[PDB]
Each structure stands twice: as C-alpha cells, then as structure tokens.
Amino acid sequence: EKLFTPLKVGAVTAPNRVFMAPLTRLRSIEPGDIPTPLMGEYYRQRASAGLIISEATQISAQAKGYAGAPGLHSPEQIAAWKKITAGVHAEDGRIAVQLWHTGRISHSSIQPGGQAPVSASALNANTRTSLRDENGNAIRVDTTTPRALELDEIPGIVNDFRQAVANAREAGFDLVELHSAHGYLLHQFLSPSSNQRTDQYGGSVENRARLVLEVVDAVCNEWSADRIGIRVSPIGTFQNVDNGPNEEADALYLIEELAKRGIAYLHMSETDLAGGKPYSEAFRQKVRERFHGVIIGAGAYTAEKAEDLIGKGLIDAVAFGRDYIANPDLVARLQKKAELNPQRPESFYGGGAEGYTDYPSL
Ligand SMILES: Cc1cc2nc3c(=O)[nH]c(=O)nc-3n(C[C@H](O)[C@H](O)[C@H](O)COP(=O)(O)O)c2cc1C
C-alpha cells in the first residue's frame, strides 16, 4: 500500500494521497454568499486529508449559479475564508479553494440585477440549479437561458479569475483549483456542444481551449505555477455537456498545453455522478506522459482502485467525495480498514449541521 505515503503537490506536501474532493454543500450565508463558522468546523473535522479541495467558490457575483454557494470576491468572504483556512492549518491540514464561474448553469434571480446569466453561446443548459425558498430551504429550478458573452467581455472574465486567485492567496489557501469541468463556464467554452462561437473562442479545439488557457496563464502570473491546480472532465457527458466527437484527442491537446505551464496538478473527474464509460489504461498512459505534475483521479474510487492505479504509476492521488462527506476521518478509517458511516444524500445540499458536521469520527 502506498495510499498513505507523502506526496509533493506544488508548493506543499501532503502526508497521504487520500484527498477530499470539492463538494458543493450550499450552506453559505445569504446575503453575501459568506462562508460560516459551521463550514469552518466541517473543514476542520476533515483536516487529516492529504489535501482538502473546497466546495466550488465564486470568483465574482456574476459567477454565482447556486444559492448557498460561497464567493471569494468581497471583503466579508475573504475574512470568513481566512478563519476557515486557519482552522484547517491549526490541525496541520492543507486546503485548496476550487474557483468557478457557473456560466449558463445558473438562474436570473441570483445574478446581478436579476439579469440573464452569461455563457459561450446563448443556449440554455436544459438542466436545473439549486435555489432557496422563502424559508431558506434548498429547492431545484430550471436554468435560465444564457446570454453569449461578447468579445470585449472575455478579458473581464480572465481578470475575475486572476483577482479571485489573488484573494485566495490573501485568504490563506495553500492552492487553487480552477473549475473547468462539469459543464460550468470554462467547460462551456471547451465543449462544441455548448460553444457555437465564430470568433477566436469557438470552432477549433485550440479556439475552444483559448479561454481556459488564458485563465491558467493569468492566475499563474498572479501567484505561482506551483500553486495552481485545475479540474477537468474531458471524457464523457457531464450535466448535459458532452466533450465532442473527438473528446479523446481534444483532451490530450488541452493537457499538453496545461503541461507547458508546469502547474501543480491535473485533477480528472472521470465520470458524472450518473455514471459514464471507464478510462482505459491506454488513455491514462497518454495523459501520464503529457503531464509532469501531480495527477488526481476521481469518480467512483474505492481504496482498492486507488492503490491499483497509484501502484501502476498512472495517477498520484485520489479525491474521494461522498465518503468524505460521511467520514471526516476517512484517512484513519481506510488505513485501519474500519467501517464507514452510512451516507445521508438527503442532506448533501443545504440545511445546517444535520448531515454536515454530525458524521462521527472513530
Ligand atoms: C454533494 C455533491 C456536491 C459536489 N460538488 C462539487 C463541487 O463543488 N465541485 C466539483 O468539481 N465537483 C463536485 N462534486 C463531485 C465530487 O467532487 C466527486 O468528483 C464525485 O462525488 C464523485 O466521487 P465520489 O464517488 O468519491 O463521491 C459534487 C458531488 C456531490 C455528490
């Protein structure tokens, strides 16, 4: 077993390879989309993780797509996150903030001015997002048809990612993870199914990957390459957004480009929660030879699958999502081969302490 051995991830060193995947829990304070003391406790309980990747966090108010999701834009949010990272560090843990712009996966009622959300093209995601009712309870709602950005708006998007990263550094995060997966803004440009642009940000894969690569360069220039991670879901269909008829080739192109920046890590979300086709060991090898940094695998990993792939040298770490939701001390449990607490899906989104901080440790 090598799942419990140290691993250098960019500027930091994780004592084990059991990572906590980014998990949207929608328990932030509104107004302000502010992280809470309860959230700090939740993250503190899970500090033994090799690395904690936070719930998706807004790089701007416009980036908001879910009620209850935190932001990292505004004095109050920065101050709130500072206490959370301090708590994790007090337990000697490491935490990375996942930054996103939901793009078309949003609703007008939570956008600035109540206006239509933005995207690569004006195509409704044909899905739903999570809002809050009159009592603050989480509820589902169809996504609002988006507005195609506009050429001169792109620089502003890259700037928002850069500023959020600057705030992240100030906030005490050890690393940042760009969310270019699961059909959110960056993925919306990457995919031809959601990108019908005729300017230089649409068409060829090079054009579709232009925005994400501009963000990587910008955040890398703002902080440091060894502080930047990125999550992608380039194979399969995620939240109604597929990856095109040449997804494999297009994925390898993107990874070679990311590699040139020498960033901290490549986080691959291998399948949608609804399932998907498995990654062949051949493809994993092709990814392996193209990226020279840490590679994190995620999906429906069992400790056994992780040990097998890490042992084949195809990946370096594994991010567990749901098991981490139900087991703050997942590291200890997996190492001791103990039983895990059962999961309570009903309380994954919204609410309070129940189903959040009440999962006991051994
Ligand atoms: C409650 C819930 C919320 C999630 N929120 C996020 C998130 O904020 N960002 C992200 O990239 N993926 C998110 N995911 C995906 C997880 O990080 C993870 O990849 C997924 O749960 C599959 O892994 P698992 O089988 O180990 O849980 C979410 C999944 C769940 C069930």
Side-chain angles (χ1 to χ4, degrees), residues 3 17-28 33 35 39 42-43 46 49-59 63-72 95-103 105-106 127-130 138 140 175-188 190 229-236 238-239 241 265-276 278-279 296-306 309 315 317-327 330-331 333-334 340-351 355-356 359:
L3 187 53
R17 294 119 182 286
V18 172
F19 293 4
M20 178 178 168
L23 296 155
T24 287
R25 301 308 296 281
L26 309 175
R27 289 174 162 71
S28 300
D33 313 315
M39 283 163 68
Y42 163 78
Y43 283 117
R46 296 164 177 65
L51 170 69
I52 291 178
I53 305 177
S54 84
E55 63 204 87
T57 302
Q58 285 88 72
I59 60 175
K64 186 171 177 182
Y66 297 69
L72 221 194
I95 184 167
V97 58
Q98 184 188 64
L99 298 174
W100 71 348
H101 187 307
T102 55
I105 301 184
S106 180
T127 188
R128 291 145 289 290
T129 185
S130 180
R140 301 292 286 175
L175 308 161
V176 175
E177 171 175 289
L178 303 174
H179 200 338
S180 52
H182 305 167
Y184 290 113
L185 191 61
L186 298 170
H187 197 192
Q188 282 160 43
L190 276 167
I230 184 175
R231 189 173 220 203
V232 297
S233 59
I235 305 306
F238 303 73
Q239 299 208 72
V241 182
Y265 71 70
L266 174 67
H267 190 167
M268 309 211 289
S269 180
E270 301 170 12
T271 164
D272 178 285
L273 292 176
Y279 274 34
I296 307 166
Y301 279 75
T302 55
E304 286 62 44
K305 184 181 182 176
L309 293 179
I315 64 178
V318 51
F320 294 100
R322 292 165 287 187
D323 292 319
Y324 241 120
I325 281 186
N327 303 276
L330 185 59
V331 172
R333 293 171 184 268
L334 292 178
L340 309 182
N341 298 316
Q343 292 166 16
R344 290 171 279 159
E346 58 199 34
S347 51
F348 281 176
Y349 302 106
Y356 191 54
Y359 283 103

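Note that ligands are numbered from 1 as they come in the structure, with each ligand's atoms numbered from 1 the same way. Values below: every heavy atom of this structure, side chains too, minus hydrogens, waters and symmetry copies. Numbers here simply count residues along the sequence, with the first being 1.
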Could you point out which residue of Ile59, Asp33, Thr57 forms a side-chain contact (heavy atoms from CB on, under 4.5 Å) with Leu72?
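Considering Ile59, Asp33, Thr57, a side-chain contact (heavy atoms from CB on, under 4.5 Å) with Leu72 is found only for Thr57.
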
Would one find an N or O of [X], backbone or side chain, under 3.5 Å from an N or O of ligand 1?
{"X": "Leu273", "answer": "no"}
{"X": "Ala319", "answer": "no"}
{"X": "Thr24", "answer": "yes"}
{"X": "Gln98", "answer": "yes"}
{"X": "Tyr301", "answer": "no"}

For [X], take its heavy atoms, then give the atoms of ligand 1 lying under 4.0 Å from any of them.
{"X": "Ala21", "value": "17 (O)"}
{"X": "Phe320", "value": "26 (O)"}
{"X": "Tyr349", "value": "1 (C), 2 (C), 3 (C), 30 (C)"}
{"X": "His179", "value": "9 (N), 10 (C), 11 (O)"}
{"X": "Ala56", "value": "8 (O)"}
{"X": "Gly321", "value": "24 (P), 26 (O), 27 (O)"}

Can a side-chain donor-acceptor contact be found between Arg27 and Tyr42 if the only test is distance below 3.5 angstrom?
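No, no side-chain donor-acceptor pair sits under 3.5 Å.
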
Checking the side chain of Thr102 only, and the main-chain atoms of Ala63 only, is there a donor and an acceptor separated by less than 3.5 Å?
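Such a contact is found between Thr102 side chain and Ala63 backbone.
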
Could you check whether any heavy atom of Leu23 sits closer than 4.0 Å to an atom of ligand 1, since that is the contact criterion I want to use?
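Contact present.
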
Can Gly299 be said to touch ligand 1, with heavy atoms closer than 4.0 Å?
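Checking ligand 1 against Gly299, which is what was asked, there is a heavy-atom contact under 4.0 Å.
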
Passes side chain to side chain contact (heavy atoms under 4.5 Å, CB included), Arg231 versus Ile296? Steps please.
CA-CA 9 Å; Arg231 189 173 220 203; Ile296 307 166; over 6 Å; no

Can the positive tip of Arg344 be found less than 6.0 Å from the middle of the six-membered ring of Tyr359, inside 45° of the ring normal?
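Verdict for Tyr359: a cation-pi partner in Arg344.
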
Test item: [X] and [Y] side chains (from C-beta on) under 4.5 Å apart, heavy atoms:
{"X": "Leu51", "Y": "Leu175", "result": "yes"}
{"X": "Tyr324", "Y": "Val331", "result": "yes"}
{"X": "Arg25", "Y": "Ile325", "result": "yes"}
{"X": "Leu334", "Y": "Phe320", "result": "yes"}

Distance from atom 10 (C) of ligand 1 to nearest protein heavy atom, with residue and atom
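Looking only at protein heavy atoms, the one closest to atom 10 (C) of ligand 1 is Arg231 NH1, 3.2 Å.
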
Can you pull out the closest protein heavy atom to atom 17 (O) of ligand 1? Residue, atom name and distance to 0.1 Å, please.
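Answer, as residue, atom name and distance: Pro22 O, 2.9 Å.
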
Applying a 4.0 Å heavy-atom criterion (strictly less than), which segment of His182 is in contact with ligand 1: side chain, backbone, both, or neither?
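Near ligand 1, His182 shows its side chain, while the N, CA, C and O stay back.
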
Can you tell me how the ring of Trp100 sits relative to the ring of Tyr66, calling it parallel under 30°, perpendicular over 60° and tilted otherwise?
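The arrangement is parallel - the two ring planes meet at less than 30°.
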
